[PDB]
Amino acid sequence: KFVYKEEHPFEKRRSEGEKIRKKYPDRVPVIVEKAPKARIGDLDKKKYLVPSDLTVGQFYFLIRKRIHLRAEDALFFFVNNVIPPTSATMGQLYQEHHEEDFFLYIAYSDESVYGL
């Protein structure tokens, strides 16, 4: 679903994810990639290490900058096809939605429905 998963075998991702969680347990490792059909800027770096207290809204501010989004432009995150609340912390998202490789996966779109 994620290009990160096609280029990196599961065992490699999982070993990396376990190590990153051990070294920085107060932080969340995140893979961010554009959702299919999204009409929006490409992201230059996909792998992030974020404070667990960072909110989804603060992460939006950071991602919007990197993709050069205008003030009128919408940005939406999806984790397992669900839009997380902008007030949620990245740690809350990680607990409920991390994958078996110990990464949290976020798709982003200009559309409020994933893959629309």
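Note that residue numbering follows the sequence shown and begins at 1. Here, rigid core means the biggest group of C-alpha atoms that superpose within 1.5 Å across both forms.
Between 49 to 57 and 63 to 71, the larger root mean square Cα shift in 7 other deposited structures of this protein, once each structure is superposed on the rigid core, falls on 63 to 71.
A summary of the deposited B-factors shows that, of 82 to 90 and 38 to 46, the stretch with the larger mean C-alpha value is 38 to 46. Per the PDB record, of the two stretches 49 to 57 and 67 to 75, 67 to 75 carries the greater mean B-factor over its C-alpha atoms. Placement of the Cα temperature factor of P9 within the chain: highest third of the modelled residues, per the deposited record.
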